[PDB]
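Undergrad: One structure coming up, written as structure tokens, with questions to follow.
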Amino acid sequence: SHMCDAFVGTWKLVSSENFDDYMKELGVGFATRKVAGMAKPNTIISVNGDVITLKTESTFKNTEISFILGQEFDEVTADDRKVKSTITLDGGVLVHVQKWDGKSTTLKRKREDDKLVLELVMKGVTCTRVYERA
Ligand SMILES: Cc1c(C2CCCC2)nc(N(C)C(C)C)c(-c2nnn[nH]2)c1-c1ccccc1
Ligand SMILES: [Cl-]
């Protein structure tokens, strides 16, 4: 048993607040924002030993990251940013920091009731996206 077991499973988007705003703060273009904002992504989270995999499937884009907690990795995001990423587990919350071009954004995932709640922060903007088991 792993702490990340709380996160393992297939998760579907059920609500979103301020995602367009968050995407604007990152400099995401209009067409990507419109189509991605519309989409209904699922996330499959799996653990295999020390390696955690987060795989996104949608009609917009499919993406995958695999990582070990605390070990920096190069990530190319869905909006084509080339970032240095580090993901850690802090007091039960998966905390993902991305660094690029002297900027930073933090993505936090936490379990709340039967939900997986994603809090995205860029500069002053917080977006909350809520996911439930598929
Ligand atoms: C385009 C996109 C983005 C980019 C815009 C902001 C930075 C990258 N970030 C996402 N999440 C929430 C994280 C990684 C920030 C998601 C996403 N939403 N749920 N899972 N992934 C999506 C998304 C993918 C496919 C279908 C719809 C939306
Ligand atoms: Cl997620």
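The way I read the labels, and the way they are meant: chains A, B, ... in the order of the structure tokens, residue 1 as the first residue of every chain, and ligand 1 as the first ligand shown, with later ones counted on from there.
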Around ligand 1, at most 8 Å away and counting only C-alpha atoms and all ligand atoms, which residues are there? Put them as a PDB file with N, CA, C and O atoms, in the first residue's frame, please.
TA:
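What ended up in selection_31.pdb:
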```pdb
ATOM      1  N   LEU A  13     -13.846  14.614 -15.289  1.00  0.00           N
ATOM      2  CA  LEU A  13     -14.120  15.998 -14.913  1.00  0.00           C
ATOM      3  C   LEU A  13     -15.611  16.185 -14.632  1.00  0.00           C
ATOM      4  O   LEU A  13     -16.434  15.854 -15.473  1.00  0.00           O
ATOM      5  N   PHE A  19     -10.948  28.155 -15.386  1.00  0.00           N
ATOM      6  CA  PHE A  19      -9.920  27.493 -16.176  1.00  0.00           C
ATOM      7  C   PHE A  19      -9.481  28.372 -17.344  1.00  0.00           C
ATOM      8  O   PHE A  19      -8.303  28.441 -17.632  1.00  0.00           O
ATOM      9  N   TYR A  22      -7.134  30.886 -15.958  1.00  0.00           N
ATOM     10  CA  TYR A  22      -5.842  30.295 -15.644  1.00  0.00           C
ATOM     11  C   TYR A  22      -5.019  30.124 -16.921  1.00  0.00           C
ATOM     12  O   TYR A  22      -3.839  30.467 -16.968  1.00  0.00           O
ATOM     13  N   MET A  23      -5.668  29.615 -17.963  1.00  0.00           N
ATOM     14  CA  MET A  23      -5.026  29.419 -19.258  1.00  0.00           C
ATOM     15  C   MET A  23      -4.566  30.759 -19.854  1.00  0.00           C
ATOM     16  O   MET A  23      -3.475  30.854 -20.415  1.00  0.00           O
ATOM     17  N   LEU A  26      -1.314  31.857 -18.314  1.00  0.00           N
ATOM     18  CA  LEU A  26      -0.183  31.127 -18.858  1.00  0.00           C
ATOM     19  C   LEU A  26       0.175  31.497 -20.288  1.00  0.00           C
ATOM     20  O   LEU A  26       1.138  30.958 -20.826  1.00  0.00           O
ATOM     21  N   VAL A  28      -1.936  30.876 -22.941  1.00  0.00           N
ATOM     22  CA  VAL A  28      -2.536  29.910 -23.848  1.00  0.00           C
ATOM     23  C   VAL A  28      -3.370  30.665 -24.888  1.00  0.00           C
ATOM     24  O   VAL A  28      -4.163  31.513 -24.527  1.00  0.00           O
ATOM     25  N   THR A  32      -6.855  27.059 -28.550  1.00  0.00           N
ATOM     26  CA  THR A  32      -6.611  26.016 -27.570  1.00  0.00           C
ATOM     27  C   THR A  32      -7.543  26.215 -26.385  1.00  0.00           C
ATOM     28  O   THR A  32      -8.133  25.244 -25.905  1.00  0.00           O
ATOM     29  N   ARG A  33      -7.689  27.461 -25.927  1.00  0.00           N
ATOM     30  CA  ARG A  33      -8.538  27.714 -24.779  1.00  0.00           C
ATOM     31  C   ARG A  33      -9.971  27.323 -25.088  1.00  0.00           C
ATOM     32  O   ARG A  33     -10.632  26.730 -24.250  1.00  0.00           O
ATOM     33  N   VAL A  35     -11.284  25.170 -27.356  1.00  0.00           N
ATOM     34  CA  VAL A  35     -11.518  23.745 -27.536  1.00  0.00           C
ATOM     35  C   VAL A  35     -11.198  23.001 -26.246  1.00  0.00           C
ATOM     36  O   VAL A  35     -11.946  22.094 -25.861  1.00  0.00           O
ATOM     37  N   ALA A  36     -10.097  23.331 -25.578  1.00  0.00           N
ATOM     38  CA  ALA A  36      -9.763  22.601 -24.357  1.00  0.00           C
ATOM     39  C   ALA A  36     -10.802  22.900 -23.288  1.00  0.00           C
ATOM     40  O   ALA A  36     -11.117  22.033 -22.477  1.00  0.00           O
ATOM     41  N   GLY A  37     -11.342  24.110 -23.254  1.00  0.00           N
ATOM     42  CA  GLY A  37     -12.267  24.500 -22.207  1.00  0.00           C
ATOM     43  C   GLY A  37     -13.564  23.692 -22.278  1.00  0.00           C
ATOM     44  O   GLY A  37     -14.221  23.441 -21.266  1.00  0.00           O
ATOM     45  N   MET A  38     -13.895  23.269 -23.503  1.00  0.00           N
ATOM     46  CA  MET A  38     -15.086  22.503 -23.858  1.00  0.00           C
ATOM     47  C   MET A  38     -14.965  21.030 -23.495  1.00  0.00           C
ATOM     48  O   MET A  38     -15.957  20.302 -23.467  1.00  0.00           O
ATOM     49  N   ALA A  39     -13.726  20.569 -23.399  1.00  0.00           N
ATOM     50  CA  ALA A  39     -13.470  19.145 -23.379  1.00  0.00           C
ATOM     51  C   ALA A  39     -13.776  18.551 -22.009  1.00  0.00           C
ATOM     52  O   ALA A  39     -13.950  19.248 -21.018  1.00  0.00           O
ATOM     53  N   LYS A  40     -13.855  17.227 -22.042  1.00  0.00           N
ATOM     54  CA  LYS A  40     -14.317  16.418 -20.917  1.00  0.00           C
ATOM     55  C   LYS A  40     -13.267  15.350 -20.631  1.00  0.00           C
ATOM     56  O   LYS A  40     -13.473  14.161 -20.908  1.00  0.00           O
ATOM     57  N   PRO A  41     -12.110  15.757 -20.088  1.00  0.00           N
ATOM     58  CA  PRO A  41     -10.985  14.864 -19.925  1.00  0.00           C
ATOM     59  C   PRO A  41     -11.213  13.875 -18.799  1.00  0.00           C
ATOM     60  O   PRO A  41     -11.802  14.207 -17.773  1.00  0.00           O
ATOM     61  N   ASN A  42     -10.669  12.699 -19.035  1.00  0.00           N
ATOM     62  CA  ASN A  42     -10.458  11.753 -17.956  1.00  0.00           C
ATOM     63  C   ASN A  42      -8.979  11.619 -17.634  1.00  0.00           C
ATOM     64  O   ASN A  42      -8.133  11.668 -18.523  1.00  0.00           O
ATOM     65  N   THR A  43      -8.696  11.340 -16.358  1.00  0.00           N
ATOM     66  CA  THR A  43      -7.340  11.107 -15.920  1.00  0.00           C
ATOM     67  C   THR A  43      -7.263   9.711 -15.314  1.00  0.00           C
ATOM     68  O   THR A  43      -8.025   9.410 -14.397  1.00  0.00           O
ATOM     69  N   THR A  56      -3.867  11.519 -19.333  1.00  0.00           N
ATOM     70  CA  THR A  56      -5.035  12.300 -19.678  1.00  0.00           C
ATOM     71  C   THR A  56      -5.539  11.830 -21.034  1.00  0.00           C
ATOM     72  O   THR A  56      -4.767  11.792 -21.987  1.00  0.00           O
ATOM     73  N   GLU A  57      -6.841  11.580 -21.139  1.00  0.00           N
ATOM     74  CA  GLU A  57      -7.450  11.235 -22.412  1.00  0.00           C
ATOM     75  C   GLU A  57      -8.639  12.148 -22.637  1.00  0.00           C
ATOM     76  O   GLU A  57      -9.413  12.403 -21.725  1.00  0.00           O
ATOM     77  N   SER A  58      -8.739  12.684 -23.849  1.00  0.00           N
ATOM     78  CA  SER A  58      -9.863  13.520 -24.209  1.00  0.00           C
ATOM     79  C   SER A  58      -9.925  13.563 -25.723  1.00  0.00           C
ATOM     80  O   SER A  58      -9.043  13.036 -26.404  1.00  0.00           O
ATOM     81  N   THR A  59     -10.916  14.294 -26.232  1.00  0.00           N
ATOM     82  CA  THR A  59     -10.999  14.518 -27.663  1.00  0.00           C
ATOM     83  C   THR A  59     -10.063  15.640 -28.101  1.00  0.00           C
ATOM     84  O   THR A  59      -9.857  15.802 -29.304  1.00  0.00           O
ATOM     85  N   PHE A  60      -9.525  16.397 -27.142  1.00  0.00           N
ATOM     86  CA  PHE A  60      -8.662  17.523 -27.468  1.00  0.00           C
ATOM     87  C   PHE A  60      -7.241  17.017 -27.671  1.00  0.00           C
ATOM     88  O   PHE A  60      -6.638  17.153 -28.729  1.00  0.00           O
ATOM     89  N   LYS A  61      -6.730  16.414 -26.611  1.00  0.00           N
ATOM     90  CA  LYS A  61      -5.370  15.955 -26.553  1.00  0.00           C
ATOM     91  C   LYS A  61      -5.293  14.799 -25.564  1.00  0.00           C
ATOM     92  O   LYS A  61      -6.005  14.775 -24.557  1.00  0.00           O
ATOM     93  N   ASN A  62      -4.390  13.873 -25.859  1.00  0.00           N
ATOM     94  CA  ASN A  62      -4.022  12.841 -24.911  1.00  0.00           C
ATOM     95  C   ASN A  62      -2.602  13.160 -24.452  1.00  0.00           C
ATOM     96  O   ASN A  62      -1.755  13.454 -25.279  1.00  0.00           O
ATOM     97  N   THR A  63      -2.353  13.141 -23.144  1.00  0.00           N
ATOM     98  CA  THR A  63      -1.032  13.393 -22.590  1.00  0.00           C
ATOM     99  C   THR A  63      -0.763  12.397 -21.464  1.00  0.00           C
ATOM    100  O   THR A  63      -1.699  11.887 -20.837  1.00  0.00           O
ATOM    101  N   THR A  77       4.242  20.488 -21.723  1.00  0.00           N
ATOM    102  CA  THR A  77       2.842  20.562 -21.327  1.00  0.00           C
ATOM    103  C   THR A  77       1.943  20.571 -22.560  1.00  0.00           C
ATOM    104  O   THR A  77       2.413  20.693 -23.696  1.00  0.00           O
ATOM    105  N   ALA A  78       0.638  20.468 -22.313  1.00  0.00           N
ATOM    106  CA  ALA A  78      -0.357  20.392 -23.370  1.00  0.00           C
ATOM    107  C   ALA A  78      -0.450  21.695 -24.165  1.00  0.00           C
ATOM    108  O   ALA A  78      -0.947  21.672 -25.287  1.00  0.00           O
ATOM    109  N   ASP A  79       0.020  22.814 -23.585  1.00  0.00           N
ATOM    110  CA  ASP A  79       0.116  24.092 -24.286  1.00  0.00           C
ATOM    111  C   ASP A  79       1.549  24.345 -24.773  1.00  0.00           C
ATOM    112  O   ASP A  79       1.894  25.492 -25.053  1.00  0.00           O
ATOM    113  N   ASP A  80       2.370  23.277 -24.823  1.00  0.00           N
ATOM    114  CA  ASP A  80       3.669  23.312 -25.481  1.00  0.00           C
ATOM    115  C   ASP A  80       4.671  24.170 -24.704  1.00  0.00           C
ATOM    116  O   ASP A  80       5.574  24.749 -25.300  1.00  0.00           O
ATOM    117  N   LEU A 107       0.306  23.077  -9.322  1.00  0.00           N
ATOM    118  CA  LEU A 107      -0.877  22.250  -9.492  1.00  0.00           C
ATOM    119  C   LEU A 107      -0.982  21.327  -8.284  1.00  0.00           C
ATOM    120  O   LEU A 107      -0.062  20.566  -8.058  1.00  0.00           O
ATOM    121  N   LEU A 118      -8.464  19.501  -8.074  1.00  0.00           N
ATOM    122  CA  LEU A 118      -7.258  20.089  -8.646  1.00  0.00           C
ATOM    123  C   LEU A 118      -7.345  21.608  -8.489  1.00  0.00           C
ATOM    124  O   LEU A 118      -8.336  22.226  -8.910  1.00  0.00           O
ATOM    125  N   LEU A 120      -5.217  24.919  -9.410  1.00  0.00           N
ATOM    126  CA  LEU A 120      -4.191  25.449 -10.297  1.00  0.00           C
ATOM    127  C   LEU A 120      -3.980  26.914  -9.981  1.00  0.00           C
ATOM    128  O   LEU A 120      -4.948  27.682  -9.930  1.00  0.00           O
ATOM    129  N   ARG A 129     -10.699  22.571 -10.470  1.00  0.00           N
ATOM    130  CA  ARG A 129     -11.353  21.560 -11.282  1.00  0.00           C
ATOM    131  C   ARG A 129     -11.611  20.332 -10.416  1.00  0.00           C
ATOM    132  O   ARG A 129     -10.715  19.907  -9.707  1.00  0.00           O
TER     133      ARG A 129
END
```
Undergrad: Residues within 12 Å of ligand 2, counting only C-alpha atoms and all ligand atoms: report them as JSON, numbers by chain.
TA: {"A": [7, 8, 9, 10, 11, 12, 13, 14, 15, 16, 40, 41, 42, 43, 44, 45, 46, 53, 54, 55, 56, 57, 63, 64, 65, 94, 95, 96, 107, 108, 109, 110, 111, 115, 116, 117, 118, 119, 120, 128, 129, 130, 131, 132, 133]}
Undergrad: Going by DSSP on the backbone, which bits of chain A are alpha helix (DSSP H)? Write them as a ChimeraX atom specification, please.
TA: /A:19-26,30-38
Undergrad: Could you jot down the atom CA of residue A:27 to atom CA of residue A:74 separation for me, Å, one decimal place?
TA: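 Computing it gives 19.6 Å between the two atoms.
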Undergrad: Determine which residues of stretch 19-115 of chain A DSSP labels as strand (DSSP E) from the backbone of this structure, then write them out as number ranges by chain.
TA: A: 42-48, 51-57, 63-68, 73-76, 82-90, 93-100, 103-112, 115
Undergrad: Near residue A:2, within 9 Å and counting only C-alpha atoms, which residues show up once chain neighbours fewer than 3 positions away are dropped, as a PyMOL selection string?
TA: chain A and resi 5-6+47+49
Undergrad: Selected residues, N, CA and C atoms, written as a JSON list (two decimals), in the first residue's frame, please.
TA:
```json
[["chain", "number", "residue", "atom", "x", "y", "z"],
["A", 5, "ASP", "N", -2.12, 5.70, -3.22],
["A", 5, "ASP", "CA", -3.26, 4.86, -3.55],
["A", 5, "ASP", "C", -4.60, 5.64, -3.52],
["A", 6, "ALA", "N", -4.77, 6.64, -2.62],
["A", 6, "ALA", "CA", -5.92, 7.55, -2.58],
["A", 6, "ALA", "C", -6.22, 8.17, -3.93],
["A", 47, "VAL", "N", 0.06, 3.62, -10.10],
["A", 47, "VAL", "CA", 1.31, 3.56, -9.39],
["A", 47, "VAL", "C", 1.90, 2.19, -9.64],
["A", 49, "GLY", "N", 5.39, 0.48, -8.23],
["A", 49, "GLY", "CA", 6.51, 0.78, -7.36],
["A", 49, "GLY", "C", 6.57, 2.26, -7.00]]
```
Undergrad: Find the residues around residue A:68 up to 10 Å (only C-alpha atoms counted), leave out those fewer than 4 positions away in its own chain, and share them as number ranges by chain.
TA: A: 47, 49-53, 72-73, 86-88
